[PDB]
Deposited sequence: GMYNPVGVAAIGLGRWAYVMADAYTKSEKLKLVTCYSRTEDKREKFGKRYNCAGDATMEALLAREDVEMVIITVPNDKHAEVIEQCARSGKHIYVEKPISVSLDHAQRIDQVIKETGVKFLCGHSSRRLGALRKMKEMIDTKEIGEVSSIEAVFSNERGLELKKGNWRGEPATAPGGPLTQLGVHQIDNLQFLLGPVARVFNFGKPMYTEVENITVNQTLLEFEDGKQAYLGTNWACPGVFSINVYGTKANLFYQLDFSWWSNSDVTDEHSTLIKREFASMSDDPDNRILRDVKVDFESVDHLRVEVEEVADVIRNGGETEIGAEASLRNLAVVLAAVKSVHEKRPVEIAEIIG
């Protein structure tokens, strides 16, 4: 199709390689160069994917065939890195949470407004064929009207976290798993049902050596009155689930998150079941759906909007709304009260 969009990888940790393993399969993209502060990090990546490496950010931004940057740097560096790239006219892919502080999220919305570059903050779960199908079933009212949803994202990370790791520091990981795990489900929840109005959370450190929260249970009320539960837990074996309760039918989704990185087959390691009246008798029916390469398609969408125009699915505002849920939930714990999202956002 179109001329492939030229991309540069910034931040060459683990997740940078998972991303490139998926996106370099695309005919829509061309990896041109990469940057890390560490020479060795640029060494390995550029050889692996066979692109250039740049000693300085300036050197990367000076390349005219770099149209888009793919930012996989630490959450607290998203803001300044996005500002530097957007002010050089580069379109922006940044990994999810947009940031961990409101200030930074606001800086990112502003510089994207200012510069007018394309922006995606990559929450890729909503792209899975299962989430797409669930969205269809809800929008068409196949399952009737939704009352509530229960979402869970857990793993045993907290159990092993020794005293000092960064995931144990509130400033870097607000609400513990609520940021690292919960933002995925927070995005799924507002994708499925629209914007959250208010939050209540109970949460605390459990079964851990770190000082951060490792277990949360969060209640949400939506702007339209619908409700949700989100459980985020760093103290148990891995679970990723979404239960949707409808007036005609319920949906029960489970994912084996261990196949997340294997992005073209992630959907095959999930199950979606519909519980419906067969009424005064119920039946549970398996729901099948096509797989979607969640990590590949999200980068490709930016390329599609650079070449063809339009907006990506998850802008700075939308991403900011996801972070705001996390901040409201932490605020809710400190202040022992429900918290309006407007209180956070404005």
Next on the checklist: Lining up the deposited sequence with the coordinates, I want the ranges that have no C-alpha atoms.
Outcome noted: 1, 280-286
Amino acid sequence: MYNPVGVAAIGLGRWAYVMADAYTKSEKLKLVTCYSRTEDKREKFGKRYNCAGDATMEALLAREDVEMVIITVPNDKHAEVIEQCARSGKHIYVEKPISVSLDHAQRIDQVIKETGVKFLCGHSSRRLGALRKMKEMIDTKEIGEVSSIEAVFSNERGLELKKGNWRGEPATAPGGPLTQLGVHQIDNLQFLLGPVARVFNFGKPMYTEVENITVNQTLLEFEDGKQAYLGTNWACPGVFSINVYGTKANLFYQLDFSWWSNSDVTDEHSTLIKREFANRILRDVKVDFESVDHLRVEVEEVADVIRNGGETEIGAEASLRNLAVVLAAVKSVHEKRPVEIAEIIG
From here on, numbers count along this sequence of modelled residues.
Next on the checklist: Averaging CA B factors per stretch from the PDB record, which one is higher: 63-71 or 37-45?
Outcome noted: 37-45
Checklist entry - With respect to the recorded C-alpha B factors, which stretch has the higher mean value, 54-62 or 288-296? => result 54-62
Next on the checklist: For the CA B factor values reported in this entry, which option in 217, 214, 261, 154 has the top one?
Outcome noted: 261
Checklist outcome for this item: Among 123, 87, 78, 226, the highest C-alpha B-factor in the PDB entry belongs to 87
Checklist entry - Where does residue 150 sit by CA temperature factor within its chain: lowest, middle or highest third? => result lowest
Item to check | For residue 210, the third of its chain into which the C-alpha B factor falls | outcome: highest
Item to check | Chain-relative CA temperature factor third for residue 102 | outcome: highest
Checklist entry - Which third of the chain holds residue 14 when residues are ordered by C-alpha B factor: lowest, middle or highest? => result highest
Checklist outcome for this item: On the chain's distribution of Cα B-factors, residue 116 falls within the third called highest
